[PDB]
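First comes one chain, alone, set out as structure tokens in the form deposited without the partner chain.
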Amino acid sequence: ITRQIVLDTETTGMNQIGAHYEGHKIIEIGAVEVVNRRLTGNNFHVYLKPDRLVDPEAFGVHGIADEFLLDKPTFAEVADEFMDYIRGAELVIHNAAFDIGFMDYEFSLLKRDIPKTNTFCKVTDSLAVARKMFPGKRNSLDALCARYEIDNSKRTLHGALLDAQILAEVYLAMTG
């Protein structure tokens, strides 16, 4: 009856000062649907053309090459379906402010008066939840994988769908 969408993004990078997303772009969105504590398998996964370069640090994390993104859709091209997918759900995101910041930024660039994500989705920060559950402990997604015996062996490089799927498993266990 209620949908949870476990979501992750990869980006061109991030700013350590000021708005973390300014001047950066989402290059991958990965989102997995959970209904009644079961993955439905109906997911959303896109790579996006950023029309700027990936910062070396970000490339160190996700390995998504500039060349790979050249033929991909723009955020504008996926935004409608993305909104249709997430609307009304509880979004579960590890360090939610990061991705939500990027999402609202990208939505805002569309100049379509799209309201903030948290006005049409519930936003749950699984990192805050993990910190509450495991105060004083490591709470990276990888740390949580070890804690909950979730396979992250394929996660040498981070990817948005990969990370969202891993987080969904972790979060189900956290709330189970």
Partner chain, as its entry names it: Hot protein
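Numbering follows the first chain given and starts at 1.
The same protein also has a form deposited with the partner chain bound, omitted here; what follows describes it.
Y148, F68, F134, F120: which sits within 4.5 Å of the partner chain in the entry with it bound by any heavy atom? It is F68 that has a heavy atom within 4.5 Å of the partner.
Select, from the options 123 to 131, 42 to 50, 110 to 118, 136 to 144, the stretch whose residues sit within 4.5 angstroms of the partner chain in the entry with it bound by heavy atom distance. Stretch with heavy atoms near the partner: 42 to 50.
Would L161 count as touching the partner chain in the entry with it bound under a 4.5 Å heavy atom rule? Close contact exists here: in the entry with it bound, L161 approaches the partner chain to within 4.5 Å, heavy atoms only.
Although the partner chain is absent from this view, report whether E77 comes within 4.5 Å of it in the entry with it bound, heavy atoms only. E77 belongs to the contact set for the partner chain.
Indicate whether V34 is a 4.5 Å heavy atom neighbour of the partner chain in the entry with it bound. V34 lies outside the contact set for the partner chain.
Heavy atoms within 4.5 Å of the partner chain in the entry with it bound: does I26 have any? Because no heavy atom of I26 falls inside 4.5 Å of the partner chain in the entry with it bound, the answer is no.
When the partner chain is placed as it is in the entry with it bound, are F102, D104 and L172 each within 4.5 Å of it, taking any non-hydrogen atom of the residue? No, none of the three is in contact.
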